[PDB]
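Residue numbers (the authors' numbering), protein chains in the order written: chain H, 1 to 134, 140 to 219; chain L, 2 to 213.
Virtual Cβ for every residue (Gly too), placed ideally from N, Cα, C.
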Amino acid sequence: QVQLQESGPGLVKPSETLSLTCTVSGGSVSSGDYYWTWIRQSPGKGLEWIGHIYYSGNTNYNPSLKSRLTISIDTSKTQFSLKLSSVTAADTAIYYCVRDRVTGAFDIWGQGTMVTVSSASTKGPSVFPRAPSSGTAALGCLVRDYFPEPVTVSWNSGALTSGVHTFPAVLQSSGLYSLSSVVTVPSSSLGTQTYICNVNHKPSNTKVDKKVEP
Amino acid sequence: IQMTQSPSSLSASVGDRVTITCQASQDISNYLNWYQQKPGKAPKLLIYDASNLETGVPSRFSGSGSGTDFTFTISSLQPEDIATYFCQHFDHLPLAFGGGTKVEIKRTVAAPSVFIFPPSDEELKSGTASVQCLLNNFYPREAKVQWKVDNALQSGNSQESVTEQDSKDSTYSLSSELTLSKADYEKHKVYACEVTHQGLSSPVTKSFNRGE
Ligand SMILES: [Cl-]
Ligand SMILES: [Cl-]
Ligand SMILES: [Cl-]
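In structure tokens, the structure reads:
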């Protein structure tokens, strides 16, 4: 199976130019059966089709964005790109690169990248442990004062998934986000099992492994 | 082409037949696709050409319709089927999606497990204090969390965050955080979290004295 992955800045300033690149791996991009597509999603616009490009370089854009839209393709690097100039706060959304059959179906999606339009600068989070209080014991991690979204959290490098709850980020009065992740474990394993939460904030390239101790 | 989905949301029990609809503002023949999106994930194609099941998709999903009115059906709702479902036309450019129908699950009432977390030493050392009240694996989603600081009712200094519905046991979890400055946090002793929920015959309070 073919995999699509977006890459580019998660934070871009107003008036500036949003640039995204999709790397197609596992399959060639010079196919006559697919349109290489960009799709964005925000609470205010829902799922919105931006445009696509055919491997011969011919494009089709959404009339709503047509003025500021540029989609290119590089078959030698198996990549296609999105350029959106003169960005507005209305352009803050999740951006997906999609493979679209010429018959008409979005059958492969990238995981999507979050792009926030802001004048502020990136800020990496501080990570604080929520130590168990002491049946089953609950512990957690506090990931606070970061910008922009998002932050991902895993436990023990992804080997601990049962009982994990990672909550949606909350906007604080300071204008920064804070996020909490928790996990319920047996109180018996507290002595023998070490619990690490792995915090990743890609916009600031921040990685933190915070050990949670009793 | 304006795409209208109905209903906006619904709650159905496990094993129920679920049918949602999508109306196009003009005839789009069978140029209609259905997508399933779970929270935090990209949409996934399930039905293409109005009625063709995508490879690998379980057989309980189906679609039908032509012209303007289209339907999408789950013959037997499974716990992992909770998502927002979208229709998408490809009659002509620009391609457009419907608003989406959120499919939620009704299950039996389940009481939350309540935990309270005092702020760590290193969080206080940064000048801030966040007391967390955790509600684990409850149903329904509705729950009231009230903070008491020396038995004084707080208002305006707490934030809540609720997970999406779990894809296995169909429950929710909730985090309520009381945020104060280190100085204001040191002015009081007892911090309490009171939880009211349908699964609790009486409100549950978890508390601690500052320092424990
Ligand atoms: Cl840190
Ligand atoms: Cl996460
Ligand atoms: Cl005191």
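Measuring only between beta-carbons, confirm whether residue i sits less than 8 angstroms from chain L.
{"i": "residue 145 of chain H", "result": "yes"}
{"i": "residue 96 of chain H", "result": "yes"}
{"i": "residue 63 of chain H", "result": "yes"}
{"i": "residue 130 of chain H", "result": "yes"}
{"i": "residue 107 of chain H", "result": "yes"}
{"i": "residue 189 of chain H", "result": "yes"}
{"i": "residue 173 of chain H", "result": "yes"}
{"i": "residue 206 of chain H", "result": "no"}
{"i": "residue 49 of chain H", "result": "yes"}
{"i": "residue 67 of chain H", "result": "no"}
{"i": "residue 104 of chain H", "result": "yes"}
{"i": "residue 31 of chain H", "result": "no"}
{"i": "residue 1 of chain H", "result": "no"}
{"i": "residue 46 of chain H", "result": "yes"}
{"i": "residue 196 of chain H", "result": "no"}
{"i": "residue 111 of chain H", "result": "yes"}
{"i": "residue 203 of chain H", "result": "no"}
{"i": "residue 60 of chain H", "result": "yes"}
{"i": "residue 209 of chain H", "result": "no"}
{"i": "residue 121 of chain H", "result": "no"}
Spatial neighbours of residue i within its chain, please: CB distance less than 6 angstroms, with the 5 preceding and 5 following residues excluded, ordered by chain position.
{"i": "residue 211 of chain H", "result": "124"}
{"i": "residue 61 of chain L", "result": "75, 76 and 77"}
{"i": "residue 130 of chain L", "result": "120, 181, 183 and 186"}
{"i": "residue 171 of chain H", "result": "158 and 186"}
{"i": "residue 116 of chain L", "result": "135"}
{"i": "residue 116 of chain H", "result": "11, 92 and 153"}
{"i": "residue 103 of chain L", "result": "10 and 85"}
{"i": "residue 193 of chain L", "result": "149, 206 and 208"}
{"i": "residue 171 of chain L", "result": "80, 106 and 108"}
{"i": "residue 52 of chain L", "result": "64 and 65"}
Take residue i and list the residues in its own chain whose beta-carbon comes closer than 8 angstroms to its own, dropping the five residues that flank it on each side.
{"i": "residue 138 of chain H", "result": "As shown, the structure holds no coordinates for residue 138 of chain H; chain H passes over it, running from 134 to 140."}
{"i": "residue 55 of chain L", "result": "46, 47, 48 and 49"}
{"i": "residue 89 of chain L", "result": "4, 33, 34, 35, 36, 96, 97, 98 and 99"}
{"i": "residue 44 of chain L", "result": "36, 37, 38 and 87"}
8 angstroms is my cut-off, CB to CB: does residue i come that close to chain H?
{"i": "residue 9 of chain L", "result": "no"}
{"i": "residue 32 of chain L", "result": "yes"}
{"i": "residue 181 of chain L", "result": "no"}
{"i": "residue 160 of chain L", "result": "yes"}
{"i": "residue 123 of chain L", "result": "yes"}
{"i": "residue 74 of chain L", "result": "no"}
{"i": "residue 24 of chain L", "result": "no"}
{"i": "residue 57 of chain L", "result": "no"}
{"i": "residue 156 of chain L", "result": "no"}
{"i": "residue 44 of chain L", "result": "yes"}
{"i": "residue 210 of chain L", "result": "no"}
{"i": "residue 202 of chain L", "result": "no"}
{"i": "residue 21 of chain L", "result": "no"}
{"i": "residue 49 of chain L", "result": "yes"}
{"i": "residue 174 of chain L", "result": "yes"}
{"i": "residue 101 of chain L", "result": "yes"}
{"i": "residue 193 of chain L", "result": "no"}
{"i": "residue 164 of chain L", "result": "yes"}
{"i": "residue 96 of chain L", "result": "yes"}
{"i": "residue 135 of chain L", "result": "yes"}
{"i": "residue 62 of chain L", "result": "no"}
{"i": "residue 117 of chain L", "result": "yes"}
{"i": "residue 91 of chain L", "result": "yes"}
{"i": "residue 131 of chain L", "result": "yes"}
Assuming residue i contacts residue j under a Cβ cut-off of 8 angstroms, what Cβ separation, rounded to an integer in Å, is found between them?
{"i": "residue 192 of chain H", "j": "residue 142 of chain H", "result": "4 angstroms"}
{"i": "residue 210 of chain L", "j": "residue 190 of chain L", "result": "6 angstroms"}
{"i": "residue 111 of chain H", "j": "residue 23 of chain H", "result": "Not really, about 12 angstroms apart at Cβ, beyond 8 angstroms."}
{"i": "residue 98 of chain H", "j": "residue 37 of chain H", "result": "4 angstroms"}
{"i": "residue 217 of chain H", "j": "residue 129 of chain H", "result": "4 angstroms"}
{"i": "residue 92 of chain L", "j": "residue 2 of chain L", "result": "6 angstroms"}
Leaving out five residues before and five after residue i in sequence, what residues of the same chain have Cβ atoms less than 7 angstroms from its Cβ?
{"i": "residue 17 of chain L", "result": "78"}
{"i": "residue 126 of chain H", "result": "149 and 150"}
{"i": "residue 112 of chain L", "result": "139, 198, 200 and 201"}
{"i": "residue 57 of chain H", "result": "73"}
{"i": "residue 68 of chain H", "result": "84, 85 and 86"}
Are three or more beta carbon pairs between the segment 58–67 of chain L and the segment 5–14 of chain L nearer than 8 angstroms?
-> Taking 8 angstroms as the limit for Cβ pairs, the verdict is that the segment 5–14 of chain L does not touch the segment 58–67 of chain L.
Taking three-plus beta-carbon pairs below 8 angstroms as touching, is the segment 1–8 of chain H in contact with the segment 140–154 of chain H?
-> Contact between the segment 1–8 of chain H and the segment 140–154 of chain H is absent, because fewer than three Cβ pairs lie under 8 angstroms.
If you scan the segment 96–167 of chain L from start to end, which runs of the alpha helix (DSSP H) of 4 or more residues do you find wholly inside it?
-> Look at the segment 96–167 of chain L and you find these whole runs of alpha helix (DSSP H), each 4 residues long or longer: 122–126.
Taking 8 angstroms as the threshold, find out whether the segment 191–202 of chain L comes into contact with the segment 137–152 of chain L through three or more Cβ pairs.
-> Contact between the segment 191–202 of chain L and the segment 137–152 of chain L is present: 3 or more CB-CB pairs across the two stretches fall below 8 angstroms.
Using 8 angstroms as the Cβ pair cut-off and three pairs as the minimum, do the segment 11–20 of chain H and the segment 77–91 of chain H touch?
-> Flag = yes, the segment 11–20 of chain H and the segment 77–91 of chain H touch.
Report yes or no: do three or more beta-carbon pairs, one from the segment 43–50 of chain H and one from the segment 87–99 of chain L, lie closer than 8 angstroms?
-> By the criterion of at least three beta-carbon pairs nearer than 8 angstroms, the segment 43–50 of chain H is in contact with the segment 87–99 of chain L.
Would you check if the segment 94–104 of chain H and the segment 27–38 of chain H touch, i.e. whether three or more CB-CB distances between them fall below 8 angstroms?
-> Contact holds: three or more Cβ-Cβ distances are below 8 angstroms.
Length-filtered (3 minimum) beta strand (DSSP E) runs lying within the segment 50–104 of chain H = Fully enclosed beta strand (DSSP E) runs of 3 or longer: 59–61, 69–74, 79–84 and 93–101.
Please go through the segment 7–42 of chain L and give each complete beta strand (DSSP E) segment of 3 or more residues, from N-terminal end onward.
-> The segment 7–42 of chain L is shown to contain whole beta strand (DSSP E) runs of 3 or more residues at 10–14, 19–25 and 33–38, in chain order.
Ignoring anything shorter than 3 residues or poking outside the segment 107–133 of chain H, list the beta strand (DSSP E) runs there in chain order.
-> Within the segment 107–133 of chain H, the complete beta strand (DSSP E) runs of at least 3 residues are 113–117 and 126–130.
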